[PDB]
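Structural characterization, general
Read off the chains here:
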Amino acid sequence: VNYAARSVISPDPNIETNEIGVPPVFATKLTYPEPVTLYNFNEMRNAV
Amino acid sequence: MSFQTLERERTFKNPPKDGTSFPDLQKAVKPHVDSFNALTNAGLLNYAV
Amino acid sequence: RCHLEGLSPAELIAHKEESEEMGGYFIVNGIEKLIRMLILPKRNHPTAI
Amino acid sequence: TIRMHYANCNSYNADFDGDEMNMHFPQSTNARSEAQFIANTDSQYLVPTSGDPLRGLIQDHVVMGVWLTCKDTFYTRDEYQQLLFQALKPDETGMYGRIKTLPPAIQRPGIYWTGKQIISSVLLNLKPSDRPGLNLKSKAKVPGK
Amino acid sequence: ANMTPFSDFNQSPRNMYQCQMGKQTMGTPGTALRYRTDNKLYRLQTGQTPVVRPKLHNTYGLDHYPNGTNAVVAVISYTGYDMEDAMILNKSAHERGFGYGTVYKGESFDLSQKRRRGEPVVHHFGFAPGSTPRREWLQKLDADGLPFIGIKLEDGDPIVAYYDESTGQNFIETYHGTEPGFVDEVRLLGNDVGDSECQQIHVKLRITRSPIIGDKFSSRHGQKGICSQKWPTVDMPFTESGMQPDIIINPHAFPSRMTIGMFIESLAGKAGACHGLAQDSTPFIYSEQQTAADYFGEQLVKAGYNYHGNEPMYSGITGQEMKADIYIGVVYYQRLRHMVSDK
Amino acid sequence: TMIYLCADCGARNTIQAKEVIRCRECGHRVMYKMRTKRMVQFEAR
Amino acid sequence: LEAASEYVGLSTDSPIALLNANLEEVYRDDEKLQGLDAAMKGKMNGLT
Amino acid sequence: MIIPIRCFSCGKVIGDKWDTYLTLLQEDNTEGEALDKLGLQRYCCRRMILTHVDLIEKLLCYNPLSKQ
Amino acid sequence: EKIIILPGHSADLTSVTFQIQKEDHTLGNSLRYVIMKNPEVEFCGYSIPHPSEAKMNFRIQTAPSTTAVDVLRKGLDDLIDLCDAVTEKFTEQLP
Amino acid sequence: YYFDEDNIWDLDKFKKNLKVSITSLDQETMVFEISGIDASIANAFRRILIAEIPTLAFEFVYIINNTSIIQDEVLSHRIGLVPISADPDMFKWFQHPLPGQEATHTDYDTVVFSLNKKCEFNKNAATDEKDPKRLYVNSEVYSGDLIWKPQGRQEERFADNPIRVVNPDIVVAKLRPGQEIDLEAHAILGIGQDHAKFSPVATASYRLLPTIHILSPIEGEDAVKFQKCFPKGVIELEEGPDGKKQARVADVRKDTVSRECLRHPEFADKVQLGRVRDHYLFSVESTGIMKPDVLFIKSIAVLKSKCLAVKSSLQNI
Amino acid sequence: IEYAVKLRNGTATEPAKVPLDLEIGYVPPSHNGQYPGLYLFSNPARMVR
Ligand SMILES: [Zn+2]
Ligand SMILES: [Zn+2]
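Residues numbered from 1 in each chain as written, not as in the entry; some residues may be left out. Chains lettered and ligands numbered in written order. Part of a larger assembly, values for the part shown. Heavy atoms only, no water.

Brief notes about the interface of chain H and chain E
The extent of an interface is frequently quoted as the accessible surface area lost upon association of the parts. In plain terms, the rule: Any pair of residues with heavy atoms lying within 4.5 Å of one another is described as a contacting pair. Values labelled buried area give the accessible surface lost by two parts on being combined, using a 1.4 Å probe and summing over both. When a carboxyl oxygen of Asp or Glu lies within 4 Å of a side-chain nitrogen of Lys or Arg, that pair is called a salt bridge. We call two N or O atoms a polar contact when they sit within 3.5 Å, provided that within protein one can donate a hydrogen and the other can accept it, with sequence-adjacent residues counted only if both atoms are side-chain atoms.
Counting from both sides, the interface comprises 26 residues of chain H and, opposite them, 40 residues of chain E. For the chain H and chain E pair, buried surface summed over both sides reaches about 2,700 Å², with 58% attributable to carbon and sulfur atoms. Considering only the surface of chain H that becomes buried against chain E, H:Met1, H:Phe8 and H:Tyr43 emerge as the three largest contributors, covering 30% of it. Our count for the chain H to chain E interface comes out at one salt bridge. We note a salt bridge from H:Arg47 to E:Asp246, for which the minimum N-O separation is 3.3 Å. Where chain H packs against chain E, one counts 11 residue pairs in polar contact.

In structure tokens, the structure reads:
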């Protein structure tokens, strides 16, 4: 499958039980689409 | 026991030209190279052919 | 049948092997291949099955 | 390398010695929506072979729990405030304006809160908007003897 | 198996793990590395002799070939990160030169294979008569199509330059590894008896690999872990003397594994380092009449520290002492080999 | 032309491209390249 | 010794030769060994 | 390889404190306590210049530019 | 942005969360100690979201009389006076 | 909301309760007692000593030629680790290069050191003695050869105190005939929290003064045992005409918390070991940079400065 | 054993009567037991400790 990374995994107690850490390489490299509407144009502007 | 260091350093600076310092590594490799020596000498190939 | 048997570690470091070279490996294309020892039934000893 | 919390561990059945986990990312919005709602970690709190809970706090947290709940532990003002706050961590999780505390279990001649008082303080500061207080009686693991 | 101190205090599965996993330490594969064209070699920049060592470890002469380092391991569950078999790594020690791995990847290039058939030897290394790009080619590749010695390479960049004779247009092959590597030596492997062109190059890339979060470490009893957070040096615990323990192991990991041999090793190390001894730890020496623990403890109380091995440690972030004392030993952490390539 | 090293004898051999590689005195069949003067920077980390 | 000699049935002061001969009779067959080990592990688990 | 300047746990400098340690075992007939004359009181900065393999002097005898 | 007030502050500015950037326990702990010597404060504890990113969440709950900003100001002045006393005695010690 | 009414802040009472004494002070080591200070301030003083105060160190290293055995990145690292003697406040900070990166050096920011040694064969050696100090000239690349290069104004700025390496005898690399090292190291200012090589003081740490008190006075040979447990000097056997032998705690500052007694079966009743909660015993051993007096003074100075910083940036709001 | 420990030290070496490597294989008799045949083995490609 595309859009799916993989790594060896260390523990962290500080984040949450919900949340998961994501290293910078996965963040900067894992992409997903976002439609652009009236009210989040500002965010996508900053993004690009 | 104590750290053999002065022997280590003196073997490092000028390697021993007499005999390989740690003989038991050779006695560990002994099986293979002795089988091959027994190939060449001690008449192994000759008997076969 | 090699040119290193009995050579004292000085004559080894003067060549390009490491002092306590142990030898025992056939070299093939540069990847030192070796014959694992296997285990066989006992020689000549008439056993039951 | 990614980072997770101890809690989920006993579910994924990893020892975190250096084993590795696939991270996926559903692209569209239908998929991530149904995922976020049906399969959000807390919403899988009961393993479905039986009813018993499969998540939980683990080794350090549990024995330090036996050391904090124990009646022999007393905290002053400074340590109590600091510890309660470290437990809550409001802003990043959110939801609250100002934290509320309990009065000290023993007061004179020095003000010393007790540990179980702090576990109760946490249970309070996560109280829902208007839900009546919890009550429970159930056997612990460490036998009393 | 013999060179695992106190090998007779461990639950045999753990001695089995430590055996099978010591055979993969990132240790010194020898001393002649300039003349080894092997594919992937690992060298541990700063290894040192174990302070606890079974005398056979000197007899077989391993000291030529050390495997790992000696870390002041404080058994403690303080950071909170080091649970579930992981551990920590004191950042100051991690930057002052703890196990500082160096990978060697020697990749070879052979124009002999790529010629189709028929026409004679065609391709050669270098810059064919004609122009060459300036932007990266002339930066890296010297003049002979052989790269500058020691220039840092990034994935998208050439390593060797060869050209067909017919088209006369230089081809290129880039460094297909995805991690900044260096170049140490390039060997122009002559073909044979003689009278031939350079038909093979051998470029030995020296990747550098410091301990990155995930790089497994291991004591000599089966406690393979992960470097989890690289905790800052000032936020670590500390004793009445001042030594920040360099690597924090987890207490909840010793039961359910039966590696009490490791605690014994801690005692032995803190004894050996103090006086200047090399504590003999061959299996089966110390019998039930007098425990090994008692002997090493006599040694320690001689040196000045507590007799069970304990030591009083003040925490780092609060400044007050830990109510109960803590355990500090001197263990041998033969670093493992699984860090970034696998991950 | 470049400068190399005989692997065994260690002698500068100055071979030019499209040539018979060999040690001009040894008969050996391997040559290392030598590191020239080059300005590289490395952070002290 | 007590448990084993009891399972085979001979006394504790038994003759060594007859004891050994019985034992030899014991573990050529294999089911009697399961009996012996049941009894022996019984006594040992008691001691433990 | 070379002595690990600035020992791991503490921050003391021990670079120069090996070539003057080695010529104590060498010619003073002393034991491992020799290093105590060097000013190493802890036992972190003491498991550095005691049990360090100087594995360079066995490696520098490999110059390719031997000229011999 | 050294100190920025996080968005949970009550309108009365009675329960504010300072967020000091580029700082760790080194100042957080001692500042908390000095603040707790102040009677009119009800709650003052410090935390860190994640040690990698150097952000220290502070937090002060105060009595209705004085707002928390003035409390922090006085606490910082008091910590400075503490260091003043320490340096005074210290530099008196040696010649 | 409960304050206990004895925790009131009062600068006069605090300043009066505080006491400092300096046991020993040398050019390198300093041991002194602070007292009347709560734990957190001791933790802060220790932290600022280790982490926060600045000191020059070799950040960048430009190699022009390095054919030595030692890996190049290893050699740059190990050069960086050496310490340099220059009062770190005579310089400014280094504005780090964002894009637009080259023109980022000035005479106040960075100082340059340079070394170069080519190990050439020494022929005067009679026989084979691989010292190798005698077989080869310039064999061991020392630290003392890192000879500073003045950059303009600096030649008169630091004329009174030359910017030199702290220890002229550290080993940096090792050579044999034929190879060479040639490089220049750019040294800048640094804050220890980023990297350890900046931290001026190697070892700065404290102990809470132990307290030994004998509940029931021991007798006779047990006096020998009790003197023998703790290290020398801290336990005297009292010359008392009544009876024959007892033991009392002379001076505990030398003692370690080792807790040897409490293991004994018979002693456990007779002695406790506690800790004076407000007596703090600092030890600070410098590395090569500055007199530890200046270290501690500048450490509390740095705390003062960071408090001023947060104070002003608050005053803005 | 006797002739071997003689062969090590001073006594001259004649052809070894019984070679040290030999393992004399006495198989005792017993009911329902391994068949008893005295086994005097003298070949290589075995294990010897
Ligand atoms: Zn040649
Ligand atoms: Zn140290």
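A look at the domain arrangement of chain E
Residue and element names in this part refer to chain E. The line we're drawing: Domain start and stop positions are those given by an automatic or database domain assignment.
Structurally, chain E comprises domain 1 (1-30 + 47-100 + 211-343) and domain 2 (31-46 + 101-210). Centre-to-centre separation of domain 1 and domain 2, based on C-alpha positions: 42 Å. Contact with domain 1, which involves 23 residues of that partner, is made by 14 residues of domain 2. Taken over both partners, the interface formed by domain 1 and domain 2 buries close to 1,500 Å², and the fraction arising from carbon and sulfur atoms is 58%. Inspection of the domain 1/domain 2 interface yields zero salt bridges. Applying the counting criterion to the domain 1 and domain 2 interface returns three residue pairs in polar contact.

Focus on the coordination of the zinc ion (ligand 2)
Residues and elements named next belong to chain H. Quick reminder of the rule: Each metal site lists N, O and S donors within 2.8 Å (3.2 Å for Na, K and Ca). With water left out of the atoms, a site can look as if it is missing ligands. Any site counts as irregular unless it has four donors with all angles between 85 and 135 degrees, making it tetrahedral, or four or six donors with opposite ones more than 155 degrees apart and the rest between 65 and 115, making it square planar or octahedral. Only protein chains enter the accessibility calculation, which uses a 1.4 Å probe. A residue is then buried if its area is under 20% of the maximum for its type, exposed if over 50%, and partly exposed in between.
The coordination sphere of the zinc ion (ligand 2) contains the protein donors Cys 7 (SG), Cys 10 (N), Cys 44 (SG) and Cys 45 (SG), at a distance range of 2.2 to 2.4 Å. Classification of the site at the zinc ion (ligand 2) rests on its four donor atoms, whose angles at the metal span 60 to 168 degrees, yielding the label irregular. Of note, the zinc ion (ligand 2) draws all its donor residues from one chain, in the sequence arrangement C-x2-C-x33-C-C. This pair shows no difference in class: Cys 44 is buried, exactly as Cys 45 is.

A look at unusual backbone geometry
All names here are of chain D. Inclusion rule: Starting at the N terminus, helices and strands are each numbered in turn, a helix being any DSSP run of H or I of at least four residues and a strand any DSSP run of E of at least two.
Cis geometry is adopted by the peptide bond preceding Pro 109, which originates at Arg 108 and carries an omega value of 5 degrees. Structurally, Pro 109 can be placed in the loop between α5 (90-93) and β4 (113-114). Non-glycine residue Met 95 carries a positive phi angle of around 75 degrees. Note on placement: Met 95 falls in the loop between α5 and β4. On the basis of relative accessibility, which here comes to 69%, the residue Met 95 falls in the exposed class.

A short note on the state of the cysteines
Note the following rule: Disulfides are defined as pairs of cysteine sulfur atoms found within 2.5 Å of each other.
Under the criterion given, the structure shown has four disulfides over all chains. Between F:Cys23 and F:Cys26 runs a disulfide, and the two sulfur atoms are separated by 2.2 Å. Taking relative accessible area as the criterion, F:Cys23 reaches 0% and is therefore assigned buried. Overall, the relative accessible area of 33% leaves F:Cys26 in the partly exposed class. Covalently, H:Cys7 is tied to H:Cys45 through a disulfide, its sulfur atoms 2.4 Å apart. Linking H:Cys7 in the segment before α1 (19-25) with H:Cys45 in the loop between α1 and α2 (46-49), this pair joins segments that are 38 residues apart in sequence. For the pair formed by H:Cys7 and H:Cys45, the shared burial category is buried. With no disulfide of its own, D:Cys9 lies closest to E:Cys227 among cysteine sulfurs, the gap being 18 Å. Residue class for D:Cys9 comes out buried when judged on its relative accessible area of 2%. J:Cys229 provides the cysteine sulfur closest to J:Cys261, a residue in no disulfide bond, and the two sulfurs are 4.9 Å apart.

A look at the coordination of the zinc ion (ligand 1)
Residue and element names in this part refer to chain F. Every protein donor of the zinc ion (ligand 1) is listed here as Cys 6 (SG), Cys 9 (SG), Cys 23 (SG) and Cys 26 (SG), and their distances to the metal cover 2.1 to 2.4 Å. What the four donor atoms of the zinc ion (ligand 1) show is an angle range of 39 to 90 degrees at the metal, which sorts the shape as irregular. Sequence positions of the donors to the zinc ion (ligand 1) reduce to the motif C-x2-C-x13-C-x2-C. Of this pair, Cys 9 sits in the loop between β1 (4-6) and β2 (30-33) while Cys 26 sits in the loop between β1 and β2; the two residues are 17 residues apart in sequence, bridging distant segments of the chain. Residue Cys 9 is classed as buried on the basis of its relative accessible area, which comes to 16%.

Observations concerning the environment of E:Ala161
Structurally, E:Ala161 can be placed in the loop between β6 (158-160) and β7 (162-163). Here the alpha-carbon distance between E:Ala161 and E:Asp325, two residues 164 residues apart in the chain, equals 64 Å.

Here we look at the sheet that holds strand β3 (residues 57-66) of chain J
What counts is decided by this rule: Strand pairing requires that DSSP identify at least two bridges connecting the strands. Only C-alpha atoms enter the line fits that serve as axes; for helices the fit covers just the stretch in contact. Angles between N-to-C directions range over 0 to 180 degrees.
Strand order across the open sheet formed by five strands is β3(F)-β3(J)-β12(J)-β5(J)-β9(J), with antiparallel pairing between neighbours. The open sheet is flanked by β3 (40-43) of chain F together with β9 (147-149) of chain J, the only strands paired with a single partner. Looking at each pair of strands side by side, their axes are set apart by 30 degrees on average, direction ignored. Judged from the four bridges that link them, β3(F) and β3(J) form a sheet pairing that is antiparallel. Paired with F:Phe42 across the two strands is J:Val61, which belongs to β3(J). Across the sheet, helix α3 (residues 72-81) of chain J is in contact with β3 of chain F together with β3, β5 (111-118) and β12 (180-188) of chain J; its angle to β3(J) comes to roughly 140 degrees.

Re the side chain of E:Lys140
Residues and elements named next belong to chain E. What counts is decided by this rule: Neither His nor the chain ends contribute to the count of charged residues, in which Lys and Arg are positive and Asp and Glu negative.
Position of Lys 140 among the secondary structure elements: in helix α5 (residues 137-140). Despite its burial, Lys 140 remains without a salt bridge, the nearest opposite charge being carried by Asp 157 at 5.4 Å. In contact with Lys 140, other than residues within four places in its own chain, are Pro 147, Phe 148, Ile 151, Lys 152, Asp 157 and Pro 158.

Section: the UniProt feature "binding site: Zn(2+)" in chain H
Formally: UniProt positions are given in the numbering used here, feature names are shortened, and annotations may be inferred rather than shown by experiment.
Residues annotated by UniProt as "binding site: Zn(2+)" correspond here to H:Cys7, H:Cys10, H:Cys44 and H:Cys45. A maximum C-alpha distance of 7.7 Å is found for the annotated residues, which run over 39 residues; spatially they form one tight group. Mapped onto the fold, H:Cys10 is located in the segment before α1. Residue class for H:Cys10 comes out buried when judged on its relative accessible area of 2%. Other than its neighbours up to four places away in sequence, H:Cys10 contacts E:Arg96, E:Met243, H:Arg42, H:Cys44, H:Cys45 and J:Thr203. When you line up the elements, H:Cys44 lands in the loop between α1 and α2. Residues within four places of H:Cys44 in sequence aside, it is in contact with E:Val72, E:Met243, H:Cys7, H:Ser9 and H:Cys10.

A look at a negative patch on the surface
Here is the rule we go by: Patch membership is restricted to residues that have no salt bridge and whose relative accessible area is over 30%. Joining uses 9 Å for like charges and 5 Å for the nonpolar side chains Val, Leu, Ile, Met, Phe, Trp and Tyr. Residue burial considers only the protein chains on display, and all accessible areas are found by Shrake-Rupley using a 1.4 Å probe. Every charge is mapped onto a representative atom, which is NZ of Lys, CZ of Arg, CG of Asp or CD of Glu.
A grouping of J:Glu236, J:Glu238, J:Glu239 and J:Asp251 is seen on the molecular surface, where their side chains present a negatively charged patch. Relative to the helices and strands, J:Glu236 is located in strand β14 (residues 235-236).

A short note on the nonpolar core
Short version of the rule: To form a nonpolar core, buried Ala, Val, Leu, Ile, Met, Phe, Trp, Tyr and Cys residues must be joined to one another through side-chain atoms within 4.5 Å.
Ranked by internal contacts, the top residues of the largest apolar core, which has 119 residues, are H:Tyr43, J:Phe58, J:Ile79, J:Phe113 and J:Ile163. Residues in contact with H:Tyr43, not counting those within four places in the same chain, are E:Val72, E:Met243, E:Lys270, E:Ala273, E:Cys274, E:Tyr305, E:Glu311, E:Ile328 and E:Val330. Of all hydrophobic cores here, the second largest spans 66 residues; its members include I:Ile60, J:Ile48, J:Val201 and J:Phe296.

Some points on the environment of B:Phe3
Within the secondary structure, B:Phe3 is located in the segment before α1 (6-13). In sequence terms B:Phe3 and B:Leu45 are 42 residues apart; their C-alpha atoms lie 48 Å from each other. Not counting chain neighbours up to four residues away, the residues in contact with B:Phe3 comprise E:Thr49, E:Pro50, E:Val51, E:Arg53, E:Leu277, E:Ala278, H:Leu50 and H:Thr51.

Topic: the pattern of salt bridges
Under the defined criterion, the tally for this structure stands at 45 salt bridges over all chains. For E:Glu179, the salt bridge goes to E:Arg209, with nearest N and O atoms at 3.6 Å. A residue pair is termed long-range when its members are at least 10 positions apart, and E:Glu179 in the loop between β8 (173-174) and β9 (185-189) and E:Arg209 in strand β10 (residues 201-209) qualify at 30 residues. Bridged by salt links that share partners, the residues B:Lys13, H:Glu57, J:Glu140 and J:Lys174 form one connected network.

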